[PDB]
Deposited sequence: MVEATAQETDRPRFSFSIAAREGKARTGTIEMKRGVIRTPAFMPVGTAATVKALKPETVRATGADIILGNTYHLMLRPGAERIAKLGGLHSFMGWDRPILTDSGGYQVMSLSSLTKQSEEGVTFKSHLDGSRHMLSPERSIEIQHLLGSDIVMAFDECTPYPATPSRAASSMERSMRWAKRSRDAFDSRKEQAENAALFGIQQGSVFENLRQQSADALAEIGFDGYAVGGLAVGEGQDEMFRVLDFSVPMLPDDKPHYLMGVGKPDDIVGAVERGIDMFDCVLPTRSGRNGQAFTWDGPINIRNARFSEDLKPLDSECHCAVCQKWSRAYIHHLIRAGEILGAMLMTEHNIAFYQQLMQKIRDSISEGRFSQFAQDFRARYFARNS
């Protein structure tokens, strides 16, 4: 098993399907990464997350450094052993969970524990990811508040590129980390093509194992996001994975893949699942609606997840309205399973050169 090897097996338009081989496992792309912010994919045992088809999950530097603590997790043997997930884990750098969920400077960011004072710099971010034992380390960046003026978008992108270099050097100077994990850079620049180009060029000059498109999924509509992806993704190195941070709505994913994206993550499947929203091939439904109180059909008519094989909408409706934990468990497993099935259909259609048709058929029925 190599430290990192991304191979593209098939293409159609800007879409690609392939694999990323890492020491802890293989990642099938396009891939969807369930979110496990507090060292757990909410309401699911790791074996269940794996059973749905997930090859990798997402962790968070910000949340884990606060609770239970980076040093503590290292003392306990690492995040993998801690939570019981032995496959790849990608960790965000914290560059967004601090300004989202605080004194900023060219050195990093200091903040008040939303739950104490804590400092987070490019060097400390990379070190925390090392202590967690992350497989895919994200460069520490400074996200840009949306909407953003050209001047502000430029300043934030420029700082992010300086921090990208500091992240690269911190990562490379740590032997154990450089030889066993991978480092992804993050493109910034808001919705401005020239800034995106400058960012892409700076990142490519430094060199990374993968390139994320940051600054999206922060309030912009799908039209705008797609517009930015149209010119932004082609700027990134073609032979490396393209990761769209925070994008998860089913239709968003299909459109992003049509534009060259290989990796995704979103709290939608889990967060919405707990809120009563279930994804189906015919569009999302809210199981709390009274019309489901005596509906004996499964969440989705085609889904092959364990939830749809055993329980009815009526039962889950009852569980969610009653505030039962099993309701959260079932809704979450189904939603994550749905997302993985979507990724599988995407991968197979690209491999067979019928992805454009799949996208059309998907949209027609989903909407």
**Report entry** Unmodelled ranges, which are counted on the deposited sequence from position 1 and given in order
**Finding:** 1-10, 112-114, 129-130, 383-386
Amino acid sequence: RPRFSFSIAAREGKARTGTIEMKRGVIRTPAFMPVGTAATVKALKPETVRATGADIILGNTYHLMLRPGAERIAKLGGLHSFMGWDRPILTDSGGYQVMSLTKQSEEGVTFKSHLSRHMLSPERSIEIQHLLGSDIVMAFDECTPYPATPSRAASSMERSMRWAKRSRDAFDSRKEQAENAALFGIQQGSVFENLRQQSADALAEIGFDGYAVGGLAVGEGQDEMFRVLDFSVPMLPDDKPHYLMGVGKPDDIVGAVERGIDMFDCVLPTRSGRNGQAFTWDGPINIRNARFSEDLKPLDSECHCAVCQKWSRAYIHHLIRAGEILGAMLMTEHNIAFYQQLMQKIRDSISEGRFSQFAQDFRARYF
From here on, numbers count along this sequence of modelled residues.
Requested in this report: Select between 315-323 and 300-308 the stretch whose C-alpha atoms have the higher average B-factor in the entry.
Outcome: 300-308
Query - 35-43 or 327-335, whichever carries the higher mean Cα B-factor - result: 35-43
Report task. For the C-alpha B-factor as written in the entry, point me to the maximum among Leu79, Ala212, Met161, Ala217. Result -> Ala217
Query - Out of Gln222, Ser232, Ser134, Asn289, residue topping the C-alpha B-factor column of the entry - result: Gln222
Report summary line: Chain thirds by Cα B factor, record data; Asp262 belongs to the lowest
Query raised in the report: Thinking about Cα B factors across the chain, which third does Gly189 belong to?
Result: middle
Report summary line: For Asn60, the third of its chain by CA B-factor is the highest
Report task. Please rank the C-alpha B-factors of the chain's modelled residues and tell me whether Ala51 sits in the lowest, middle or highest third. Result -> middle
Report summary line: By the entry's values, the third containing the CA B factor of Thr19 is the lowest
